[PDB]
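Here you get one chain, nothing else, as structure tokens; it is the form deposited in one PDB entry.
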């Protein structure tokens, strides 16, 4: 009686009456997403209906982790949780979970090819890095940052969409099979910043092996010390790839592409787009970089931080909804 149903494609969305005018806005493997107006809050929201949450243990563990993390992370530069509900009345009937989140206006896909100025560019990046820093402080390393999972509003505010784990934006540590740390996410910020500037994808590798080629062509074969850190097998390949000296950052990003600021933009990129993670700039040091630091505000850029049966997962998820 508190619920009503709307058909969205092949999907039936049964939601609380407060949510009105549902229309689909996209999908992932993790379910269909509708935009809706929350009458009670008087604002637009995203409603995500979870795809087969306890179909199996892999799905169940994913749904559970997503839910718990969403309840613990809270920051203006990360998509927040507004509500969680199920239309089923008991554990035995329990089938569906709905997640109500903040709605923005677009993802970055389009925004980044519409050339921006230094103020808007640096400000968006600043917001990205605050969101990232906050994720890291909650012990979350994203690893899959890309323009499709970064959303913006027409007032120039920006939010990271999800908690991550197109191959174009993944760090060398991930591409190859290395370990990783916090600044893995900085590689992605470099690729996105890079795109915004040159108008197109920095490393548009047509597969995982081509992806590598794209990088060394433009940045230059990494040092022999880096080469060591690799496995037996992949090191063989990487080390047997033809030496490239790569191009300087002046050639990779000339003045022609920019509207002193151009000079700093380039300097930041040269510190972000560095194959060897042990020499790549960090998140803190990037928030402090001259190009980004103009916007600083410690309330934004500093804010304080096993195995089950399907039947058990169902119970834990149901309790997390209640």
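Throughout, rigid core stands for the largest set of C-alpha atoms superposing within 1.5 Å between the two forms. Residue numbers count along the first chain shown, from 1.
Below, we turn to the form deposited in another entry, even though it does not appear here.
Next on the checklist: After core superposition, I'd like to know whether residue 92 moves between this form and the one not shown (criterion: C-alpha shift of 2 angstroms or more).
Outcome noted: Moves: yes, 2 Å or greater.
Item to check | Is_shifted residue 54 between this form and the one not shown (CA, 2 Å cut-off, rigid core) | outcome: Yes, residue 54 moves 2 Å or more.
Checklist entry - residue 273: with the rigid core matched between this form and the one not shown, does its Cα shift 2 Å or more? => result No.
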